[PDB]
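Fold and geometry: a report
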Protein chains: 2
Amino acid sequence: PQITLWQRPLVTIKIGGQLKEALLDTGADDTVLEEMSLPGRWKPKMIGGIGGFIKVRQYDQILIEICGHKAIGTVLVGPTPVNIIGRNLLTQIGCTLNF
Amino acid sequence: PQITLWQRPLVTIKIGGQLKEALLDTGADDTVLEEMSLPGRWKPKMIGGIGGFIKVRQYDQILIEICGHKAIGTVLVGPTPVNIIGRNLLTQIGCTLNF
Ligand SMILES: CC(C)[C@H](NC(=O)N(C)Cc1ccccn1)C(=O)N[C@@H](Cc1ccccc1)[C@H](O)[C@@H](O)[C@H](Cc1ccccc1)NC(=O)[C@@H](NC(=O)N(C)Cc1ccccn1)C(C)C
């Protein structure tokens with residue numbers, strides 16, 4: 001698909017059989033998801049952004065599906081206001097910017 | 001061009017006669033640049049993201065050029081970690097996400 005940017009590029013993801021929505025975000029190096037309790041081992045981590053840093057839990061090797069496309073990678077889980085799909089998973093689905 | 005996302009989608013912009021690099025950012029509603037003097041009057045504004053809120057100055061109707069394509073629109077200046085080009089100007093230059 002081609003997604004225009006008139007509105008926020010929110011799409012449906014599947015994670016663990018749940019559907020959710022998430023923002024496709026080319027300016028994020030990492031993927032950050034709203035608080036949830038996945039199984040698995042985590043590491044603590046701090047990620048930063050516009051106003052500062054928050055604390056998150058890092059899970060590795062998580063499979064997410066983005067508009068029917070699979071990707072497998074690290075996900076950070078924390079008190080984010082929005083689910084963010086970053087470049088580590090966008091590359092896997094062949095996603096480009098074009099103009 | 002077509003930009004892949006294996007690395008950060010930094011490009012060169014020209015603004016107020018300077019060259020800067022900025023991040024092409026589909027997850028941002030707005031464009032935020034590092035502190036600089038632009039000509040023009042401005043309004044104080046607040047914007048947020050991960051981490052919280054920062055206070056910026058809003059300049060309207062600013063000409064900026066992004067990889068040789070012109071855009072005229074609102075630019076916020078303030079203590080951002082990185083120069084961000086958001087969706088208000090990506091749409092002007094015809095930017096889409098594709099996969
Ligand atoms: C999620 C983090 C892990 C991420 N950080 C990150 O990737 N790094 C710190 C590494 C790095 C360093 C240098 C260059 C690139 N990357 C981040 O916040 N990235 C930003 C851009 C940025 C990078 C580095 C420093 C500072 C900023 C995202 O790409 C950017 O799109 C965010 C995404 C976002 C949206 C909502 C809430 C939290 C985060 N938007 C923003 O921060 C903008 N805000 C908004 O657009 N809104 C709040 C509106 C909104 C509301 C709801 C939904 C979407 N958007 C700012 C720039 C105005």
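Listed as the method for this PDB entry is X-ray crystallography; the listed resolution is 1.8 Å.

Looking at the interface of chain A and chain B
Every contact between the two is made by 38 residues of chain A and, on the other side, 37 residues of chain B. When the two sides are added together, the surface that chain A and chain B hide from each other amounts to roughly 3,600 Å², 63% of it contributed by carbon and sulfur. Of all residues in chain A, the largest losses of buried area upon contact with chain B belong to A:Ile50, A:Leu97 and A:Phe99, amounting jointly to 26% of the total for that side. One can count two salt bridges joining chain A with chain B. With a shortest N-O distance of 2.9 Å, A:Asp29 and B:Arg8 are connected by a salt bridge. Taken together, the links from chain A to chain B amount to 20 residue pairs in polar contact. Mapped by element, the contributors of at least two residues to the side of chain A that touches chain B are β1 (2-3), β3 (18-24), β5 (42-49), β6 (52-66), α1 (87-90) and β9 (96-98) of chain A. Ranked by the residues each element gives to the side of chain A that touches chain B, the list is headed by β6(A), at four residues. For the side of chain A that touches chain B, a count of residues per class yields 19 nonpolar, 15 polar and four charged. Here β1(A) pairs with strand β9 (residues 96-98) of chain B via two bridges, running antiparallel.

As for the pattern of salt bridges
This structure, assessed with the given rule, holds 11 salt bridges over all chains. Two residues, A:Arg87 and A:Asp29, come together in a salt bridge whose shortest N-O distance is 2.9 Å. You can see A:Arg87 sitting in helix α1 and its partner A:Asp29 sitting in the loop between β3 and β4 (32-34), a full 58 residues away along the chain. The partner of A:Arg57 in a salt bridge is A:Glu35, with the nearest N and O atoms 3.0 Å apart. Of this pair, A:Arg57 sits in strand β6 while A:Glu35 sits in the loop between β4 and β5, and the two are 22 residues apart along the sequence. For A:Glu35, a relative accessible area of 46% translates into the label partly exposed. Taken together, the shared-partner salt bridges in this structure form one network comprising A:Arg8, B:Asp29 and B:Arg87.

Points about the relation of the copies chain A and chain B
Least-squares fitting of chain A to chain B yields an RMSD of 0.4 Å, with the transformation described by 0.0 Å of translation along the axis and a rotation of 178 degrees. What the superposition gives is, in effect, a two-fold axis relating one chain to the other. A share of 97% of the interface residues of chain A reappears at the interface of chain B, consistent with the copies meeting face to face through the same patch.

Comments concerning the UniProt feature "active site" in chain A
Mapped onto this structure's residue numbering, the UniProt feature "active site" falls at A:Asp25. With respect to the helices, strands and loops of the structure, A:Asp25 is situated in the loop between β3 and β4. With a relative accessible area of 8%, A:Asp25 lands in the buried category. Setting aside anything within four residues of it in sequence, one finds A:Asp25 in contact with A:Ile84, A:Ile85, A:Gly86, A:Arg87, A:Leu90, B:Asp25, B:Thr26 and B:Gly27.

Notes on the nonpolar core
Counting 48 residues, the largest nonpolar core has A:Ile64, A:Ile66, B:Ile13, B:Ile15, B:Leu24, B:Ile66 and B:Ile85 as the members making the most contacts within it. Among all residues touching B:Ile66, those that are not within four sequence positions of it are B:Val11, B:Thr12, B:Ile13, B:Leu24, B:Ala71, B:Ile85, B:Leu89 and B:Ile93.

Observations concerning the sheet that holds β9(B)
Strands pair in a sheet through their backbones, by hydrogen bonds, and they do so in one of two ways: parallel or antiparallel. Across the sheet, which stays open at both edges, the four strands sit in the order β1(A)-β9(B)-β9(A)-β1(B) with antiparallel pairing between neighbours. Strands at the two margins of the open sheet, each flanked by one partner only, are β1 of chain A together with β1 (2-3) of chain B.

Some points on the site of the ligand
The environment of the ligand is made up of 26 residues, and the closest members are A:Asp25, A:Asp29, B:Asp25, B:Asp29 and B:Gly48. Residues lining the ligand come from chains A and B. In this structure, A:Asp29 approaches the ligand through a main-chain N or O atom, which is 2.9 Å from an oxygen atom. When the ligand sits alone it has 1,000 Å² of accessible area, and the protein chains cover 85% of it. Among the elements of the structure, β5 of chain A together with β5 (43-49) of chain B are those that each provide at least two residues to the shell around the ligand.

Reading the values: the criteria
- Residues numbered from 1 in each chain as written, not as in the entry; some residues may be left out.
- Chains lettered and ligands numbered in written order.
- Heavy atoms only, no water.
- Contact = heavy atoms within 4.5 Å.
- Buried area = accessible area lost by both parts, 1.4 Å probe.
- Salt bridge = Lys/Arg side-chain N within 4 Å of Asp/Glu carboxyl O.
- Polar contact = N/O pair within 3.5 Å; in protein donor to acceptor, adjacent residues only side chain to side chain.
- Helix = DSSP H or I, 4+ residues; strand = E, 2+ residues; numbered from the N terminus.
- Nonpolar A, V, L, I, M, F, W, Y, C, P; charged D, E, K, R; others polar.
- Pairing = 2+ DSSP bridges.
- Buried < 20%, exposed > 50% of the residue type's maximum accessible area, 1.4 Å probe, protein only.
- Least-squares fit on C-alpha atoms.
- UniProt positions renumbered as here; feature names shortened; annotations may be inferred.
- Core = buried A, V, L, I, M, F, W, Y, C linked by side-chain atoms within 4.5 Å.
- Near = heavy atom within 4 Å.
- Areas by Shrake-Rupley, 256 points an atom, 1.4 Å probe, with all protein chains shown as cover.

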